[PDB]
Amino acid sequence: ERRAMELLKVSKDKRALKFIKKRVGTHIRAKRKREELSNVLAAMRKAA
Amino acid sequence: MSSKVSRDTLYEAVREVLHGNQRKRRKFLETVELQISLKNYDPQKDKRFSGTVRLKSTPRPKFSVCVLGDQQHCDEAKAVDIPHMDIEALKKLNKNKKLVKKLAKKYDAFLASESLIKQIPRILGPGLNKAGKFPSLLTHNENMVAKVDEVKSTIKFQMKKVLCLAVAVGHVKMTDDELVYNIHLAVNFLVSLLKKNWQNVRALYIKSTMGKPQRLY
Amino acid sequence: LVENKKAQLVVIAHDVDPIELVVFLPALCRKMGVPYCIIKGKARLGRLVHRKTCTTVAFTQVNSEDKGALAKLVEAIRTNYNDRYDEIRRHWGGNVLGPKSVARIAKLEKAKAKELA
Amino acid sequence: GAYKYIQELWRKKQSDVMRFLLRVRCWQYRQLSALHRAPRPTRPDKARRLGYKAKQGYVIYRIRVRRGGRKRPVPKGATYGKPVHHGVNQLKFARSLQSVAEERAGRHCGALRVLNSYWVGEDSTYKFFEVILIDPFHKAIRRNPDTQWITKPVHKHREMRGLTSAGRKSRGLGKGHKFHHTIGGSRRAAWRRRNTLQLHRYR
RNA sequence: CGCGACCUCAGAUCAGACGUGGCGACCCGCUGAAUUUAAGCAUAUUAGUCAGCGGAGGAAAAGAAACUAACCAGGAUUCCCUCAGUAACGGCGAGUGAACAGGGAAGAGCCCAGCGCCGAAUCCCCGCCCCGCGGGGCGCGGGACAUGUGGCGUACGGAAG
RNA sequence: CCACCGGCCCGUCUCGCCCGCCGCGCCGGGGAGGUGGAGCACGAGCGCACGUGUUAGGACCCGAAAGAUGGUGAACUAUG
RNA sequence: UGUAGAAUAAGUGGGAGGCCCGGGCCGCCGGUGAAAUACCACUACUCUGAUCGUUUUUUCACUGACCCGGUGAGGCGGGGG
Ligand SMILES: [Mg+2]
Ligand SMILES: [Mg+2]
Ligand SMILES: [Mg+2]
Ligand SMILES: [Mg+2]
Ligand SMILES: [Mg+2]
Ligand SMILES: [Mg+2]
Ligand SMILES: [Mg+2]
Ligand SMILES: [Mg+2]
Ligand SMILES: [Mg+2]
Ligand SMILES: [Mg+2]
Ligand SMILES: [Mg+2]
Ligand SMILES: [Mg+2]
Ligand SMILES: [Mg+2]
Ligand SMILES: [Mg+2]
Ligand SMILES: [Mg+2]
Ligand SMILES: [Mg+2]
């Protein structure tokens, strides 16, 4: 989760979701995990 | 990294690049430039782009067209007053090498009859094929009205071997709707060639003749 | 009671050996605004409840006299725990090397002082 | 009220607060013996949802097992068979390690009855389970008639007939299209009814 | 330094109670070949069986869907006839081999963790009476379990107020 | 009943034009030939029993050198 | 930095005008070659330069997991004499 937040913070959602597909089971759970990490990262570093 | 080909973001970028520095107004009638930067191509083997894009609104100048041949075709050339030159003065163009490029730079688009394409790369050899301006072969008794009408608007999409291509799509004294319609007729050749999507364009630049560059939103 | 905001004062014992039984309570009382105090000796909470281990004591309701004493306690407890929570949450406790090794590194530091000055 | 927070704090077990406790407990349980009697459970809610009601007679054992799929016991790699069976190094031994721990705890203390078990720790080689044991002849369990089923004598040694939670999951029984392999009772009962060639008086 | 409280623990010919060993025809959990077949033989087959080990009762196991289906839908488990020598597996060879629909036999559903409400309203042990036999069960005082969670109300068909 | 021709259904192939319209379409239906089929072309099965033959079963009877599983032996002999 | 061109031509494409205060400079023309600049945009390698970082490799180092020895676990490390 911590290194996926860095990769989805800077680089690319494609590489991020490919890493999540490697680490958890399949593509659907990877989609929800991606959206949850995107919401958490957006709330954290857009809450100023 | 985000890129659309959407109409209002095309037209808004046209309005921004026109309104840049107030009106960057100088004594020449400004032309509109389009740069396409492309991604994920290998034209080293089999990926060169070369076609004829006929811009529907207006191609700045009514193009300087020179036709070489002889028949009723050349009588219609003298009827339209297309600058047409005969066999004897072609063999006069044989005699000097710079005399080839004196008629090549002053006249933009080259059309030539079917009968003379055997002779033309002997006289006009070093100029046209190496510079890119080799003439187009024609029908022996063709109606030149529709040919000149299409050649007035037909530019060439030649991405060569390099990764990037700029073309002029008209002038600023046109309406901006005609300008954005020329930009759509430019990008339609990209979406017609490429198989997957328009994602080979991460960024394409809209410019004036010398105005500031605008990334397409 | 802390969820439904009835608790005036939450007493948390120190010595709970599965600490998972407790470790939600400080941040939870921090969110819900109820002041909490960590007191040492979980057997010492048992002698007031007639039992061995007690782990937690809730204060919700007070008598007439004890209100001023309870508020006097709550003021110092809010000074200690709740208002310093953002301070406490970033401290990493421990990381203390063995005293023989600390003495050896300090002796080598005196050797470094002998090399320099 | 608070066991929900207990369960959720134990739920995301890879975070930094819990894995310190897990590492300390793995070292703690590795330095002790193989089987002994913890006085009280280390996962109170998870032991409680398996049936631990903290009263007189519910014992908690902590038990330790070694990891790894089993090695075939033939000497010097000599199977004496076809090339199907020469594979000494790679067999996995169907039963789960949780049911192995339940077997060892029960047959070390055969006087008790095994209710269930759960995970508490692992580091490299040793894997750690805690097993709840119900006393059969204490009066607190021989009364209270919701509980008398384990005192009923058909439940001697549930762990070796595989009636526990890990036992059912090892035997592989459910319903539906993913379980035609054992149609009724067990795979041997299914095999019995399918290959028993049935013959009536009239044919 | 002493004392006290727990927490981890040991000891005892401590008070009381329990497990071991057998028979194994049927059942349950694991382990597990090879003859043979294929005209040879390596996968296959013999078979997840003989042998081995551990368990259990008069039955055991299974069981109230993380189901079957795809249309006018059925409805825990078990057993029989059909499905069917079929779909399928297989040096696609020898051979292997189901299941839901259908009709019968039997008919049965339930509880707890969680959640919250009830002042621990709960249980065990000891001691005195209580009572009537063939023989043991309710009530009253003091020692414990237990607040790291007894009991009542409560289960996904909704439940509580 | 035999022999042949003609007919019909299904799969494919070839050549062709017409019709239908719960919706006008890379939609259906159709025609004429030559072919593959365990077909139709007024149905003959099903159940029982007996006989013969073939196959799987210890299978007409007896027969091996082998292989696997699990155990019992160092009282003769071998060597500490 | 093959050759020619005043000029190390990476490339495309617009292109007769651009820059600035009646005017000058650059470009056009001449001329090169096969391809020519002004003004303008992108696409590249060849190196330099800084860190929210990033990772693994390497270098040493500490000990608390783990391992190795010895004891009837007998004086260990600091600080005082
Ligand atoms: Mg106890
Ligand atoms: Mg059961
Ligand atoms: Mg028959
Ligand atoms: Mg033979
Ligand atoms: Mg042989
Ligand atoms: Mg098999
Ligand atoms: Mg046997
Ligand atoms: Mg026995
Ligand atoms: Mg019996
Ligand atoms: Mg249910
Ligand atoms: Mg049949
Ligand atoms: Mg089989
Ligand atoms: Mg053999
Ligand atoms: Mg042998
Ligand atoms: Mg043997
Ligand atoms: Mg002897």
# chains A, B, ... in the order shown; residues from 1 in each chain; ligands from 1

$ residues_near_ligand --ligand "ligand 5" --cutoff "10 Å" --atoms "only C-alpha atoms (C1' of nucleotides) and all ligand atoms" --output "list in words"
residues 40 and 41 of chain E; 66 of chain F

$ residues_near_ligand --ligand "ligand 12" --cutoff "10 Å" --atoms "only C-alpha atoms (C1' of nucleotides) and all ligand atoms" --output "PDB file with N, CA and C atoms (P, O5', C5', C4', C3', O3' and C1' of nucleotides), in the first residue's frame"
ATOM      1  N   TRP D 191     -17.718 -43.941  -3.362  1.00  0.00           N
ATOM      2  CA  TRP D 191     -17.079 -44.995  -4.140  1.00  0.00           C
ATOM      3  C   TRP D 191     -17.771 -46.332  -3.928  1.00  0.00           C
TER       4      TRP D 191
ATOM      5  P     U E  45      -6.188 -44.448 -14.415  1.00  0.00           P
ATOM      6  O5'   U E  45      -6.496 -46.000 -14.527  1.00  0.00           O
ATOM      7  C5'   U E  45      -7.410 -46.481 -15.496  1.00  0.00           C
ATOM      8  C4'   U E  45      -7.229 -47.955 -15.707  1.00  0.00           C
ATOM      9  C3'   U E  45      -7.170 -48.771 -14.435  1.00  0.00           C
ATOM     10  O3'   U E  45      -8.462 -49.120 -14.002  1.00  0.00           O
ATOM     11  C1'   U E  45      -5.414 -49.407 -15.899  1.00  0.00           C
ATOM     12  P     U E  46      -8.876 -48.929 -12.473  1.00  0.00           P
ATOM     13  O5'   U E  46      -8.265 -50.215 -11.774  1.00  0.00           O
ATOM     14  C5'   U E  46      -8.678 -51.503 -12.187  1.00  0.00           C
ATOM     15  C4'   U E  46      -7.653 -52.543 -11.838  1.00  0.00           C
ATOM     16  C3'   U E  46      -7.303 -52.653 -10.370  1.00  0.00           C
ATOM     17  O3'   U E  46      -8.233 -53.453  -9.673  1.00  0.00           O
ATOM     18  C1'   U E  46      -5.331 -52.660 -11.689  1.00  0.00           C
ATOM     19  P     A E  47      -8.639 -53.105  -8.165  1.00  0.00           P
ATOM     20  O5'   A E  47      -8.477 -51.527  -8.065  1.00  0.00           O
ATOM     21  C5'   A E  47      -9.616 -50.678  -8.114  1.00  0.00           C
ATOM     22  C4'   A E  47      -9.372 -49.384  -7.384  1.00  0.00           C
ATOM     23  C3'   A E  47      -9.391 -48.136  -8.254  1.00  0.00           C
ATOM     24  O3'   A E  47      -9.844 -47.038  -7.473  1.00  0.00           O
ATOM     25  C1'   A E  47      -7.256 -48.387  -7.287  1.00  0.00           C
ATOM     26  P     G E  48     -10.640 -45.828  -8.155  1.00  0.00           P
ATOM     27  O5'   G E  48     -10.115 -44.538  -7.381  1.00  0.00           O
ATOM     28  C5'   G E  48     -10.287 -44.399  -5.976  1.00  0.00           C
ATOM     29  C4'   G E  48      -9.023 -44.759  -5.237  1.00  0.00           C
ATOM     30  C3'   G E  48      -9.102 -44.854  -3.727  1.00  0.00           C
ATOM     31  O3'   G E  48      -9.666 -46.081  -3.306  1.00  0.00           O
ATOM     32  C1'   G E  48      -7.058 -43.843  -4.419  1.00  0.00           C
ATOM     33  P     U E  96     -13.436 -50.405 -17.567  1.00  0.00           P
ATOM     34  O5'   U E  96     -13.225 -48.905 -17.089  1.00  0.00           O
ATOM     35  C5'   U E  96     -12.315 -48.605 -16.048  1.00  0.00           C
ATOM     36  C4'   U E  96     -12.184 -47.122 -15.828  1.00  0.00           C
ATOM     37  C3'   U E  96     -13.413 -46.427 -15.285  1.00  0.00           C
ATOM     38  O3'   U E  96     -13.519 -46.570 -13.881  1.00  0.00           O
ATOM     39  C1'   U E  96     -12.479 -45.152 -17.050  1.00  0.00           C
ATOM     40  P     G E  97     -14.944 -46.806 -13.189  1.00  0.00           P
ATOM     41  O5'   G E  97     -15.770 -45.508 -13.571  1.00  0.00           O
ATOM     42  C5'   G E  97     -15.484 -44.269 -12.950  1.00  0.00           C
ATOM     43  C4'   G E  97     -16.339 -43.172 -13.515  1.00  0.00           C
ATOM     44  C3'   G E  97     -17.804 -43.506 -13.649  1.00  0.00           C
ATOM     45  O3'   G E  97     -18.498 -43.405 -12.427  1.00  0.00           O
ATOM     46  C1'   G E  97     -17.063 -42.492 -15.632  1.00  0.00           C
TER      47        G E  97
END

$ residues_near_ligand --ligand "ligand 15" --cutoff "12 Å" --atoms "only C-alpha atoms (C1' of nucleotides) and all ligand atoms" --output "ChimeraX atom specification"
/D:73-75,78-80 /E:51-52 /F:68-72

$ write_last_selection --atoms "N, CA and C atoms (P, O5', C5', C4', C3', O3' and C1' of nucleotides)" --output "PDB file, in the first residue's frame"
ATOM      1  N   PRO D  73       8.432 -41.967   3.305  1.00  0.00           N
ATOM      2  CA  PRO D  73       9.344 -42.596   4.271  1.00  0.00           C
ATOM      3  C   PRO D  73      10.182 -43.740   3.731  1.00  0.00           C
ATOM      4  N   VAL D  74      10.307 -43.907   2.420  1.00  0.00           N
ATOM      5  CA  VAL D  74      11.085 -45.051   1.931  1.00  0.00           C
ATOM      6  C   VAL D  74      12.576 -44.753   2.052  1.00  0.00           C
ATOM      7  N   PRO D  75      13.415 -45.742   2.356  1.00  0.00           N
ATOM      8  CA  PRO D  75      14.839 -45.461   2.570  1.00  0.00           C
ATOM      9  C   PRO D  75      15.585 -45.308   1.257  1.00  0.00           C
ATOM     10  N   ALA D  78      14.166 -45.255  -2.532  1.00  0.00           N
ATOM     11  CA  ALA D  78      13.831 -46.493  -3.218  1.00  0.00           C
ATOM     12  C   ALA D  78      12.338 -46.764  -3.087  1.00  0.00           C
ATOM     13  N   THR D  79      11.588 -46.449  -4.138  1.00  0.00           N
ATOM     14  CA  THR D  79      10.146 -46.650  -4.100  1.00  0.00           C
ATOM     15  C   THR D  79       9.781 -48.106  -4.360  1.00  0.00           C
ATOM     16  N   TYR D  80      10.558 -48.773  -5.222  1.00  0.00           N
ATOM     17  CA  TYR D  80      10.239 -50.081  -5.808  1.00  0.00           C
ATOM     18  C   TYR D  80       8.885 -50.059  -6.502  1.00  0.00           C
TER      19      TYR D  80
ATOM     20  P     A E  51      -6.967 -55.563   4.030  1.00  0.00           P
ATOM     21  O5'   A E  51      -5.397 -55.385   4.218  1.00  0.00           O
ATOM     22  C5'   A E  51      -4.587 -56.494   4.564  1.00  0.00           C
ATOM     23  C4'   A E  51      -3.113 -56.184   4.465  1.00  0.00           C
ATOM     24  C3'   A E  51      -2.555 -55.213   5.482  1.00  0.00           C
ATOM     25  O3'   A E  51      -2.371 -55.770   6.767  1.00  0.00           O
ATOM     26  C1'   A E  51      -1.748 -54.623   3.380  1.00  0.00           C
ATOM     27  P     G E  52      -2.963 -55.013   8.052  1.00  0.00           P
ATOM     28  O5'   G E  52      -2.018 -53.754   8.239  1.00  0.00           O
ATOM     29  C5'   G E  52      -0.617 -53.903   8.361  1.00  0.00           C
ATOM     30  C4'   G E  52       0.033 -52.560   8.487  1.00  0.00           C
ATOM     31  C3'   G E  52      -0.584 -51.664   9.537  1.00  0.00           C
ATOM     32  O3'   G E  52      -0.088 -51.940  10.827  1.00  0.00           O
ATOM     33  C1'   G E  52      -0.358 -50.461   7.531  1.00  0.00           C
TER      34        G E  52
ATOM     35  P     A F  68       9.749 -55.705  -5.020  1.00  0.00           P
ATOM     36  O5'   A F  68       8.328 -55.263  -4.468  1.00  0.00           O
ATOM     37  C5'   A F  68       7.715 -54.067  -4.912  1.00  0.00           C
ATOM     38  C4'   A F  68       6.324 -53.950  -4.359  1.00  0.00           C
ATOM     39  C3'   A F  68       6.232 -53.953  -2.845  1.00  0.00           C
ATOM     40  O3'   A F  68       6.411 -52.659  -2.312  1.00  0.00           O
ATOM     41  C1'   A F  68       4.675 -55.490  -3.744  1.00  0.00           C
ATOM     42  P     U F  69       7.099 -52.458  -0.883  1.00  0.00           P
ATOM     43  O5'   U F  69       5.945 -52.831   0.142  1.00  0.00           O
ATOM     44  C5'   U F  69       4.741 -52.085   0.170  1.00  0.00           C
ATOM     45  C4'   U F  69       3.695 -52.766   1.009  1.00  0.00           C
ATOM     46  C3'   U F  69       4.120 -53.108   2.419  1.00  0.00           C
ATOM     47  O3'   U F  69       4.045 -51.992   3.282  1.00  0.00           O
ATOM     48  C1'   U F  69       3.004 -54.956   1.455  1.00  0.00           C
ATOM     49  P     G F  70       5.238 -51.677   4.304  1.00  0.00           P
ATOM     50  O5'   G F  70       4.975 -52.689   5.499  1.00  0.00           O
ATOM     51  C5'   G F  70       3.702 -52.741   6.119  1.00  0.00           C
ATOM     52  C4'   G F  70       3.509 -54.031   6.865  1.00  0.00           C
ATOM     53  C3'   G F  70       4.670 -54.464   7.727  1.00  0.00           C
ATOM     54  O3'   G F  70       4.693 -53.760   8.952  1.00  0.00           O
ATOM     55  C1'   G F  70       3.800 -56.319   6.536  1.00  0.00           C
ATOM     56  P     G F  71       5.917 -53.920   9.971  1.00  0.00           P
ATOM     57  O5'   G F  71       5.488 -55.148  10.885  1.00  0.00           O
ATOM     58  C5'   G F  71       6.465 -55.911  11.567  1.00  0.00           C
ATOM     59  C4'   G F  71       6.173 -57.385  11.479  1.00  0.00           C
ATOM     60  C3'   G F  71       7.260 -58.299  12.014  1.00  0.00           C
ATOM     61  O3'   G F  71       7.109 -58.497  13.405  1.00  0.00           O
ATOM     62  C1'   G F  71       6.440 -59.093   9.919  1.00  0.00           C
ATOM     63  P     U F  72       8.381 -58.730  14.344  1.00  0.00           P
ATOM     64  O5'   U F  72       8.855 -60.205  13.992  1.00  0.00           O
ATOM     65  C5'   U F  72       8.158 -61.338  14.480  1.00  0.00           C
ATOM     66  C4'   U F  72       8.933 -62.593  14.189  1.00  0.00           C
ATOM     67  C3'   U F  72      10.398 -62.531  14.569  1.00  0.00           C
ATOM     68  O3'   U F  72      10.584 -62.921  15.914  1.00  0.00           O
ATOM     69  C1'   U F  72      10.159 -63.370  12.354  1.00  0.00           C
TER      70        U F  72
END

$ atom_distance --atom1 "atom CA of residue C:83" --atom2 "atom CA of residue C:35"
9.6 Å

$ residues_around --residues "residue C:53" --least-positions-apart "2" --cutoff "10 Å" --atoms "only C-alpha atoms (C1' of nucleotides)" --output "list in words"
residues 13, 15, 16, 41, 42, 43, 44, 45, 46, 47, 49, 50, 51, 55 and 56 of chain C; 6, 7, 147 and 148 of chain E

$ write_last_selection --atoms "N, CA, C and O atoms (P, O5', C5', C4', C3', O3' and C1' of nucleotides)" --output "PDB file, in the first residue's frame"
ATOM      1  N   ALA C  13      -5.951   0.701  32.313  1.00  0.00           N
ATOM      2  CA  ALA C  13      -4.851   0.056  33.008  1.00  0.00           C
ATOM      3  C   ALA C  13      -3.662  -0.131  32.073  1.00  0.00           C
ATOM      4  O   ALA C  13      -3.821  -0.195  30.851  1.00  0.00           O
ATOM      5  N   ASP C  15      -1.114  -2.742  32.207  1.00  0.00           N
ATOM      6  CA  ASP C  15      -0.376  -3.992  32.089  1.00  0.00           C
ATOM      7  C   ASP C  15      -1.078  -5.058  31.264  1.00  0.00           C
ATOM      8  O   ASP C  15      -0.876  -6.247  31.526  1.00  0.00           O
ATOM      9  N   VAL C  16      -1.891  -4.678  30.285  1.00  0.00           N
ATOM     10  CA  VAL C  16      -2.685  -5.664  29.567  1.00  0.00           C
ATOM     11  C   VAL C  16      -1.797  -6.410  28.584  1.00  0.00           C
ATOM     12  O   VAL C  16      -1.279  -5.822  27.630  1.00  0.00           O
ATOM     13  N   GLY C  41      -0.813  -0.543  36.831  1.00  0.00           N
ATOM     14  CA  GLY C  41      -1.236  -1.616  37.703  1.00  0.00           C
ATOM     15  C   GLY C  41      -2.657  -2.060  37.443  1.00  0.00           C
ATOM     16  O   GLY C  41      -3.605  -1.473  37.969  1.00  0.00           O
ATOM     17  N   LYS C  42      -2.816  -3.126  36.661  1.00  0.00           N
ATOM     18  CA  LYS C  42      -4.154  -3.620  36.368  1.00  0.00           C
ATOM     19  C   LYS C  42      -4.717  -4.392  37.549  1.00  0.00           C
ATOM     20  O   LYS C  42      -5.932  -4.592  37.650  1.00  0.00           O
ATOM     21  N   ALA C  43      -3.851  -4.840  38.452  1.00  0.00           N
ATOM     22  CA  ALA C  43      -4.336  -5.455  39.677  1.00  0.00           C
ATOM     23  C   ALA C  43      -4.809  -4.395  40.655  1.00  0.00           C
ATOM     24  O   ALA C  43      -5.647  -4.667  41.521  1.00  0.00           O
ATOM     25  N   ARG C  44      -4.284  -3.175  40.528  1.00  0.00           N
ATOM     26  CA  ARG C  44      -4.696  -2.102  41.424  1.00  0.00           C
ATOM     27  C   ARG C  44      -6.095  -1.613  41.074  1.00  0.00           C
ATOM     28  O   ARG C  44      -6.813  -1.091  41.933  1.00  0.00           O
ATOM     29  N   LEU C  45      -6.528  -1.821  39.829  1.00  0.00           N
ATOM     30  CA  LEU C  45      -7.918  -1.531  39.494  1.00  0.00           C
ATOM     31  C   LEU C  45      -8.842  -2.641  39.971  1.00  0.00           C
ATOM     32  O   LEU C  45     -10.064  -2.464  40.024  1.00  0.00           O
ATOM     33  N   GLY C  46      -8.283  -3.803  40.305  1.00  0.00           N
ATOM     34  CA  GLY C  46      -9.123  -4.912  40.721  1.00  0.00           C
ATOM     35  C   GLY C  46      -9.557  -4.806  42.168  1.00  0.00           C
ATOM     36  O   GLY C  46     -10.615  -5.315  42.549  1.00  0.00           O
ATOM     37  N   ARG C  47      -8.752  -4.137  42.993  1.00  0.00           N
ATOM     38  CA  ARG C  47      -9.074  -4.034  44.412  1.00  0.00           C
ATOM     39  C   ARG C  47     -10.220  -3.068  44.669  1.00  0.00           C
ATOM     40  O   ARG C  47     -10.801  -3.065  45.758  1.00  0.00           O
ATOM     41  N   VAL C  49     -12.785  -3.060  42.405  1.00  0.00           N
ATOM     42  CA  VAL C  49     -13.931  -3.697  41.757  1.00  0.00           C
ATOM     43  C   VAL C  49     -14.157  -5.118  42.258  1.00  0.00           C
ATOM     44  O   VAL C  49     -15.004  -5.836  41.704  1.00  0.00           O
ATOM     45  N   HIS C  50     -13.423  -5.533  43.303  1.00  0.00           N
ATOM     46  CA  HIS C  50     -13.551  -6.841  43.968  1.00  0.00           C
ATOM     47  C   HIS C  50     -13.281  -7.989  43.006  1.00  0.00           C
ATOM     48  O   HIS C  50     -14.058  -8.938  42.909  1.00  0.00           O
ATOM     49  N   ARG C  51     -12.165  -7.905  42.298  1.00  0.00           N
ATOM     50  CA  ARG C  51     -11.861  -8.834  41.229  1.00  0.00           C
ATOM     51  C   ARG C  51     -10.356  -8.791  41.002  1.00  0.00           C
ATOM     52  O   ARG C  51      -9.654  -7.986  41.616  1.00  0.00           O
ATOM     53  N   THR C  55      -8.937  -3.737  33.908  1.00  0.00           N
ATOM     54  CA  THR C  55      -8.503  -3.276  32.586  1.00  0.00           C
ATOM     55  C   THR C  55      -9.079  -1.919  32.173  1.00  0.00           C
ATOM     56  O   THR C  55      -8.417  -1.176  31.443  1.00  0.00           O
ATOM     57  N   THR C  56     -10.176  -1.482  32.789  1.00  0.00           N
ATOM     58  CA  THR C  56     -10.910  -0.288  32.378  1.00  0.00           C
ATOM     59  C   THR C  56     -11.892   0.115  33.463  1.00  0.00           C
ATOM     60  O   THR C  56     -12.556  -0.730  34.066  1.00  0.00           O
TER      61      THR C  56
ATOM     62  P     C E   6      -4.721 -11.192  44.354  1.00  0.00           P
ATOM     63  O5'   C E   6      -3.726 -11.620  43.189  1.00  0.00           O
ATOM     64  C5'   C E   6      -4.214 -11.907  41.891  1.00  0.00           C
ATOM     65  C4'   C E   6      -3.743 -10.881  40.895  1.00  0.00           C
ATOM     66  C3'   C E   6      -3.181 -11.429  39.596  1.00  0.00           C
ATOM     67  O3'   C E   6      -4.199 -11.729  38.658  1.00  0.00           O
ATOM     68  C1'   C E   6      -1.749  -9.743  40.456  1.00  0.00           C
ATOM     69  P     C E   7      -4.108 -13.042  37.739  1.00  0.00           P
ATOM     70  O5'   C E   7      -2.783 -12.823  36.897  1.00  0.00           O
ATOM     71  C5'   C E   7      -2.735 -11.890  35.831  1.00  0.00           C
ATOM     72  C4'   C E   7      -1.370 -11.899  35.204  1.00  0.00           C
ATOM     73  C3'   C E   7      -0.891 -13.276  34.782  1.00  0.00           C
ATOM     74  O3'   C E   7      -1.297 -13.557  33.459  1.00  0.00           O
ATOM     75  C1'   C E   7       0.784 -12.194  36.077  1.00  0.00           C
ATOM     76  P     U E 147     -12.416 -12.243  33.566  1.00  0.00           P
ATOM     77  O5'   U E 147     -12.926 -10.754  33.366  1.00  0.00           O
ATOM     78  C5'   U E 147     -14.265 -10.512  32.959  1.00  0.00           C
ATOM     79  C4'   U E 147     -14.471  -9.080  32.559  1.00  0.00           C
ATOM     80  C3'   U E 147     -13.567  -8.100  33.283  1.00  0.00           C
ATOM     81  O3'   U E 147     -13.317  -6.985  32.440  1.00  0.00           O
ATOM     82  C1'   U E 147     -15.815  -7.654  33.844  1.00  0.00           C
ATOM     83  P     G E 148     -11.870  -6.800  31.779  1.00  0.00           P
ATOM     84  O5'   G E 148     -11.722  -8.057  30.824  1.00  0.00           O
ATOM     85  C5'   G E 148     -12.443  -8.119  29.603  1.00  0.00           C
ATOM     86  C4'   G E 148     -11.736  -8.964  28.576  1.00  0.00           C
ATOM     87  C3'   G E 148     -11.826 -10.471  28.792  1.00  0.00           C
ATOM     88  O3'   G E 148     -11.886 -11.145  27.538  1.00  0.00           O
ATOM     89  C1'   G E 148      -9.567  -9.800  28.839  1.00  0.00           C
TER      90        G E 148
END

$ residues_near_ligand --ligand "ligand 16" --cutoff "10 Å" --atoms "only C-alpha atoms (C1' of nucleotides) and all ligand atoms" --output "MDAnalysis selection string"
chainID F and resid 74:77

$ closest_atom_pairs --of "chain D" --to "chain G" --cutoff "12 Å" --atoms "only C-alpha atoms (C1' of nucleotides)" --output "tab-separated table"
residue	atom	partner	partner_atom	distance
D:23	CA	G:65	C1'	9.8
D:24	CA	G:65	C1'	10.3
D:26	CA	G:65	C1'	10.4
D:27	CA	G:65	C1'	7.9
D:28	CA	G:65	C1'	11.3
D:30	CA	G:65	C1'	10.9
D:31	CA	G:65	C1'	11.2
D:123	CA	G:65	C1'	10.2
D:124	CA	G:66	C1'	10.9

$ write_last_selection --atoms "N, CA and C atoms" --output "PDB file, in the first residue's frame"
ATOM      1  N   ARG D  23       5.515 -10.687  16.030  1.00  0.00           N
ATOM      2  CA  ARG D  23       6.905 -11.123  16.061  1.00  0.00           C
ATOM      3  C   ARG D  23       7.356 -11.452  17.479  1.00  0.00           C
ATOM      4  N   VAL D  24       6.948 -10.627  18.447  1.00  0.00           N
ATOM      5  CA  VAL D  24       7.248 -10.898  19.852  1.00  0.00           C
ATOM      6  C   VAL D  24       6.604 -12.207  20.296  1.00  0.00           C
ATOM      7  N   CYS D  26       5.739 -14.735  18.348  1.00  0.00           N
ATOM      8  CA  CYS D  26       6.378 -15.859  17.672  1.00  0.00           C
ATOM      9  C   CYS D  26       7.667 -16.258  18.367  1.00  0.00           C
ATOM     10  N   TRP D  27       8.476 -15.275  18.769  1.00  0.00           N
ATOM     11  CA  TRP D  27       9.677 -15.592  19.538  1.00  0.00           C
ATOM     12  C   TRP D  27       9.325 -16.216  20.885  1.00  0.00           C
ATOM     13  N   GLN D  28       8.293 -15.671  21.535  1.00  0.00           N
ATOM     14  CA  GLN D  28       7.835 -16.157  22.833  1.00  0.00           C
ATOM     15  C   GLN D  28       7.382 -17.604  22.765  1.00  0.00           C
ATOM     16  N   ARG D  30       8.164 -19.760  20.419  1.00  0.00           N
ATOM     17  CA  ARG D  30       9.211 -20.643  19.931  1.00  0.00           C
ATOM     18  C   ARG D  30      10.159 -21.030  21.054  1.00  0.00           C
ATOM     19  N   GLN D  31      10.364 -20.136  22.021  1.00  0.00           N
ATOM     20  CA  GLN D  31      11.301 -20.463  23.095  1.00  0.00           C
ATOM     21  C   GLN D  31      10.703 -21.433  24.114  1.00  0.00           C
ATOM     22  N   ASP D 123       6.903 -18.170  11.962  1.00  0.00           N
ATOM     23  CA  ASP D 123       8.069 -17.419  11.515  1.00  0.00           C
ATOM     24  C   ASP D 123       8.811 -18.013  10.316  1.00  0.00           C
ATOM     25  N   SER D 124       9.454 -19.165  10.477  1.00  0.00           N
ATOM     26  CA  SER D 124      10.161 -19.786   9.368  1.00  0.00           C
ATOM     27  C   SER D 124       9.729 -21.222   9.209  1.00  0.00           C
TER      28      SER D 124
END

$ residues_near_ligand --ligand "ligand 3" --cutoff "10 Å" --atoms "only C-alpha atoms (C1' of nucleotides) and all ligand atoms" --output "PyMOL selection string"
(chain D and resi 202-203) or (chain F and resi 48)

$ atom_distance --atom1 "atom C1' of residue E:37" --atom2 "atom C1' of residue F:65"
21.1 Å

$ residues_around --residues "residue B:10" --least-positions-apart "2" --cutoff "12 Å" --atoms "only C-alpha atoms (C1' of nucleotides)" --output "PyMOL selection string"
chain B and resi 3-8+12-17+34+176-177+179-184+187+204-207+214-217
